[PDB]
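# Residue-level structural notes
So the chains spell out like this:
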Amino acid sequence: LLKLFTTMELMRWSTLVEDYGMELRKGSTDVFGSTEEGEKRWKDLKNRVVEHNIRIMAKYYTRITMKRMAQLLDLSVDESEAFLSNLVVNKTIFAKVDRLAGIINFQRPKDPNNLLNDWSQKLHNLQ
Amino acid sequence: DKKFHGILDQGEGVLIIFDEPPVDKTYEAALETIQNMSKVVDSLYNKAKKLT
Amino acid sequence: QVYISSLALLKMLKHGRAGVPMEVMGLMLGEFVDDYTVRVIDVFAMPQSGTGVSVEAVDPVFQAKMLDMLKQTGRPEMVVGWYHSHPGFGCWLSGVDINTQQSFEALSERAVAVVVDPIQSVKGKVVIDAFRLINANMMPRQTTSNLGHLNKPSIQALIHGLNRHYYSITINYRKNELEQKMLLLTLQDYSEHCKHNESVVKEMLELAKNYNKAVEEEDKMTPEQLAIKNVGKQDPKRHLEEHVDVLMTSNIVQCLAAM
Amino acid sequence: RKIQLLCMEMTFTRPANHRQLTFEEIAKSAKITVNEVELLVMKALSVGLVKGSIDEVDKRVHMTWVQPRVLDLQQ
Amino acid sequence: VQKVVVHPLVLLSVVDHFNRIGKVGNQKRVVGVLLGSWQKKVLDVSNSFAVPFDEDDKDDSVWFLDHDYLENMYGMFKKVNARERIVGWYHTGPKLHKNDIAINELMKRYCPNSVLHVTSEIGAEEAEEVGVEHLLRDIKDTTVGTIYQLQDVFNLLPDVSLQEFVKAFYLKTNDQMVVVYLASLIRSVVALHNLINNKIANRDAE
Amino acid sequence: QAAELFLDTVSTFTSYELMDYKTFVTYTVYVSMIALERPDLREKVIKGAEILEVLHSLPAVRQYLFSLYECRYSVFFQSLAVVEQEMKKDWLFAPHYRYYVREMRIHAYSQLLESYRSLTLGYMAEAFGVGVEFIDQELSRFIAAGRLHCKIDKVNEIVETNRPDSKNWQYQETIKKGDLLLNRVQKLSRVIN
Amino acid sequence: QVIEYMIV
Amino acid sequence: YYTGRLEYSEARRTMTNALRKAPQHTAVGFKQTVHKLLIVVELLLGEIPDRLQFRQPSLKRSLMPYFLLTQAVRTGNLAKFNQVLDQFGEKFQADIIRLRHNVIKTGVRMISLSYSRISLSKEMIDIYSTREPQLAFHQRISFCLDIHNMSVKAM
């Protein structure tokens, strides 16, 4: 959970979970055999698959595809857009998400001079 | 009076957004002032021109 | 007449300015050719007492031993005489004379001291002046007519009464080209360029409104230099000039170097 | 994976002003597509080996990587 | 850790010191120690002895001392002023080698920071520039009255890509140009106010 | 300066004899939509309870008022043709009514097509019922002035509208402005002073 | 405009 | 001005140099035709409404024909510019494509119905800008102030 979760690298919804289902479930929060609210907190861990790699494609990429983001996170279009809307309404990223292919673009299409400023910032034998 | 982005469509029915790189103040202060100095020059015209 | 290496001037101002008022003292080193031409190369900062220092600063082991040490790996020749470091007022030496004048002829008549002023000299023209033993001998030097600028001291009675004994002459100066020569970007829209042309144009707005009120008002019923330039409610118009000056040295020049 | 990571990233010596290639990486990698495009530069971009964004609608990898690497006697 | 500041006290002292040792021959890396306050950014404000430098003429593998002489001048300036600690030491310009790093290491005794390199700044001369501005006569300050690293050098050079950046650069220039136009106007107006002041003044002096 | 000053005044001057009311609140509610900004204090015009009850007895300027924000423009041009018949009265007259009908007209068209990225010929014809050539010649005169952003795209007979913002407004404004200002000084700063 | 860019 | 009496590149700077010396000079000849003739040439280059008609009431010097041709180009059709030209015919200053140029500055939209109708690198259309586009105009007023120094050399 340290080397996987803290380092900004990809995840999976449950194949690391069913890959750990003989150890992360019982082994030797998420209480339940039949306990109330042990379920939803484990569903919270599904959100830790969701909001982690949206920070990866948000921290890394421009537009991707509706389909390619829809198959990176193994969801459909709709609940990925619902998790995305949850991820933007709480003001965490700057998503230019679109219904058509011009999706989640991380860009300022008004030309502030942040680029200008960034460029400025970037700017024996004799003994 | 409410978000200054929305131009919408009839045919395909979309809603284009982020119309404007909004007002930065620069030209609005500059142009405005230059309109003042006019007043001051006219006043000078009171002294210098409405004297001589 | 009296000469200096001006390292003695800078160590002089260093020891003086470091210790105000405390009247810090020391004694310099040099050589003699004629009547009073005294090259001074290094001043020797003899140490400080509690708050009142006197002839007791003429120590055996400090000036003797350290005169041997910086005789060896430094200034070889004999000392000239003392100094003294008047803070505040200038140059007059009442209790200083009984601690200085009798000390000279113990060494030689070729011996001068000098009072300096590291308080009132914030300048680049520091107050320096040596003197004589005219304790006695009221009994030549064409000078081109008495040297000039000691018919212009701060002519004050206790100072000029001190000048009866004192008789300053000159302070020469040397330096070399090397030393002379030795002594002789961006920021763009961080918030910078905006928020110092978003600022100053607003004061150009309402300060130009007050300049409108100034030219409307003073056009008529104005006399006696505008009541002495409005000492009160300072200052309309000039403010506009200053504002104009501030941006045109900034919103061009380094922006120019942007290009 | 690792010699694919470094040596398939290192072969990115395209002074081509601003390096932008994916079409070379399509043919330089004996591998199926966007797994070769993203995931190699996903893990190349998590650690400091390759820095820069990727468009994959455009199929466009921008890079400004640093990696002080080669002796380069003839460079 | 911070850089070094300067005081030309030590500059005139070392310059006069190489006005001393400049006899016949002896182009020497004359090493002398500094004393002064050492903390975050300082100069080690005052100089000292040297125990003058001679090796054979170039066979630079033999030393100078005393450590008791270090505390002769450093010890008895404490009788004069107690604010000081040794870090600094100099030599001639401009060449250095393992002699100098061997007096950094061998004759260390405190000196964590003493380059006379990232500590590179030649200072302001606070509170004693009166003994500098008197010493800045003829010609004046201005006139007063007037492979890995080089591999990572060109990683941040290339920019002609004017689409975006070019447009941005165009824009900023335009905006700042305008500002100047706005200004270069109100100073022309107040200058004209000085014109009518002078013309009505000399007009009334007719 | 006229509307707000009027607007935030109420008016009373020695039994309103220079106000000569049956005129004042009318003068406000047909001086407003020139310069009082259509979102901002136009609500302060409409839902402002100080003027609405005294234009209640004045139904002509009333139906001139709520025929902008209610988009019933087949009666609004009718309502503005009334104002171009009571332009005759006031002695502040001629380029005030020609400019006034010009800016009521231009503000009326710019209000309509700004909400749409594409304006069809039938819906712009639906604004009154004028058809084609009124909108064609007239809007071509307005874009000849360049004060809206539309254009008579007769390729499909559907008018397009994006919006380049008022960043350029300033530039174009200040060329003329700057010139005039310097010219005044150019009128003075010679020998004649 | 570096050539183009009297004020003193 | 007499130098002002072909090219249009400097007729307006010699119009500024021309319209200076006439407090009260004449009523025919010298004072009259300089203003109205030079602003007519200022329409021969193509400068339209907003310096024309409110600047008229200073002179009012018989004031019919040249102003009529200014609005005959401000509208810009040959049909009534004909009767400005041929029905007047004595207006003089004899020394057409410019009022054509006004209406075709618009277009229908841009191309105009597959390159064919009649009326009668900065992807923006030419609004403003922050590069070379607006720089030219900028260095206009700077130049003006610099040229206005001359003021300091006069006392």
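Residues numbered from 1 in each chain as written, not as in the entry; some residues may be left out. Chains lettered and ligands numbered in written order. Part of a larger assembly, values for the part shown. Heavy atoms only, no water. Residues with missing side-chain atoms left out of burial classes, pairs and counts.

Going by what the PDB entry lists, chain C is known as 26S proteasome non-ATPase regulatory subunit 14 and is assigned to Homo sapiens.

The name the PDB entry gives chain B is 26S proteasome non-ATPase regulatory subunit 11, with Homo sapiens as the organism.

## Here we look at the overall build of chain B
Worth spelling out the cut-off: Think of it this way: any DSSP run of H or I at least four residues long counts as a helix, any run of E at least two long counts as a strand, and we number them from the N terminus. Radius of gyration here uses only the C-alpha atoms, and the compact-globule reference equals 2.2 Å multiplied by the residue count raised to the power 0.38.
On a plain count of helices and strands, chain B comes out with one helix and two strands. Listing the helices and strands of chain B from first to last along the sequence gives β-β-α. Computed over its C-alpha atoms, the radius of gyration of chain B comes to 22 Å, more than 25% above the 10 Å expected for a compact globule of 52 residues. For chain B, the spread of C-alpha atoms along the three principal axes comes to 70 × 20 × 15 Å.

## A short note on the interface of chain H and chain E
Short version of the rule: Working rule for contacts: check all heavy atoms of both residues, and any pair within 4.5 Å makes them a contact. Residue type decides the class: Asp, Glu, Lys and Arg count as charged, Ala, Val, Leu, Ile, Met, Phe, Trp, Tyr, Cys and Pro as nonpolar, and the leftover types, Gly among them, as polar.
Counting residues at the interface gives nine residues for chain H, matched by 14 residues for chain E. Among the residues forming the side of chain H that touches chain E, the class breakdown is three nonpolar, four polar and two charged.

## Quick look at the arrangement of the chains
Among 11 pairs of chains with at least one contact, chains E and H form the most extensive contact set. The two units chain B and chain D are non-contacting; their minimal C-alpha-C-alpha distance is 21 Å. Regarding chain F and chain G, the two do not touch, and the least distance separating their C-alpha atoms is 18 Å.

## Details of the packing of aromatic side chains
Residues and elements named next belong to chain F. What counts here: We call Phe, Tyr and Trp rings a pair once their centres come within 6.5 Å, taking the six-membered ring for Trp, and we label the pair stacked below 30 degrees between planes, edge-to-face above 60, and tilted otherwise. Working rule: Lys NZ or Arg CZ, within 6 Å of ring centre, within 35 degrees of ring normal, means a charge sits over the ring.
Ring geometry for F6 against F24: centres 5.1 Å apart, planes inclined by 75°, an arrangement best described as edge-to-face. Linking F6 in helix α1 (residues 2–7) with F24 in helix α2 (residues 24–29), this pair joins segments that are 18 residues apart in sequence. Plain terms: the ring middles of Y27 and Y30 are 5.9 Å apart, the flat faces sit at 85° to each other, and that makes the pair edge-to-face. Here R42 stacks its cationic end above the ring of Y69, 3.8 Å away from the centre of that ring.

## Points about the environment of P47(C)
Among the structural elements, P47(C) can be located in the loop between β2 (38–44) and α2 (61–72). On a C-alpha basis, the gap between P47(C) and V96(C) in space is 17 Å, while along the polypeptide they are 49 residues apart. In this structure, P47(C) is in contact with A57(C), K79(E) and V80(E), ignoring residues within four places of it in sequence.

## A word on the domain arrangement of chain C
Rules: Those domain boundaries reflect an automatic or database domain assignment.
Assigned domains within chain C: domain 1 (1–184) and domain 2 (185–259). For domain 1 of chain C versus domain 2 of chain C, the distance between C-alpha centres works out to 50 Å.

## Quick word on the packing of helix α6 (residues 162–204) of chain E against helix α6 (residues 132–147) of chain H
Operational definition: Here an angle of 0 to 180 degrees is reported between the N-to-C directions of two axes, which are lines fitted to C-alpha atoms, with helices fitted over the stretch in contact. Small angles under 35 degrees read as roughly parallel and large ones over 145 as roughly antiparallel, with 65 to 115 read as roughly perpendicular and the rest as oblique. For a crossing to be left-handed, the near helix must be turned anticlockwise from the far one by less than a right angle; the clockwise case is right-handed.
One can describe the packing of α6(E) onto α6(H) by two numbers: an axis separation of 8 Å at closest approach and a directional angle of 15°. The orientation of α6(E) relative to α6(H) falls into the category roughly parallel. Regarding α6(E) and α6(H), the two cross each other, and that crossing is left-handed. Contacts from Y170(E), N174(E), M177(E), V178(E), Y181(E), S184(E) and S188(E) of α6(E) reach α6(H) at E132(H), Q134(H), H138(H), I141(H) and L145(H).

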